[PDB]
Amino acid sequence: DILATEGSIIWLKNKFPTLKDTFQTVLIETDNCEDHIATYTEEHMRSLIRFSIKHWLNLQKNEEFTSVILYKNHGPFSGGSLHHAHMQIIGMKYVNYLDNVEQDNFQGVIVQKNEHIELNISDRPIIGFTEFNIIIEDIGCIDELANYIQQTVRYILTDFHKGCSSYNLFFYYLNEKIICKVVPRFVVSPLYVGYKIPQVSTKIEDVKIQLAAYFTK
């Protein structure tokens, strides 16, 4: 059942609901099974983030929900399902998604920052690994957000851990700001899990330097 569409962007009511007291929906990003965020043109990436944010924020205005979640799963280690490039909008009747997240989960080491947008790496992440926070203070900076998401995603798929293949996008409307948390997803090394013996560098300053090389142009 079609909720809204814009070209190849399609917003569907999820046919397989698994969460009680929730309105589950799926957002198809393209009519092609090859393309994703790293491949999309600047216009398609701009239109996709504008469509997603608009329908997320307008559904929250519906008094039948306490809060509405907007998020993405990509790769076999994100927790997704469909092979097609898609996002999800879940309206929740009794759950407030901000409840168990704090302000300091979105603060950190600045990679890029100006009056319009801020890109940082969490020094107090939600789960304890790498989390990239992209914050805008005005809705008019949505095209800047879309560009920062695309570059951070491109970095995760290409240079972070010499290619990571899986990630998540999480959106938040907190303190009148729109935040996108970009989270790489990977099977952690057994030597790190049991003995905190890293293979690569665990330095947040090294991630900062190599991610900053994606905003040099």
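The numbering used is simple: start at 1 and walk along the sequence shown.
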Given 58 to 66 and 180 to 188, the range whose Cα B-factors average higher in the PDB entry: 58 to 66
68 to 76 or 81 to 89, whichever carries the higher mean Cα B-factor: 81 to 89
Ranked against its chain, the third holding the CA B-factor of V101: lowest
Cα B factor band for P198 (lowest, middle or highest third within the chain): middle
Relative C-alpha B-factor of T152, binned into the chain's lowest, middle or highest third: lowest
Cα B factor band for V26 (lowest, middle or highest third within the chain): middle
Third of the chain's Cα B-factor distribution that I139 belongs to, per the entry: highest
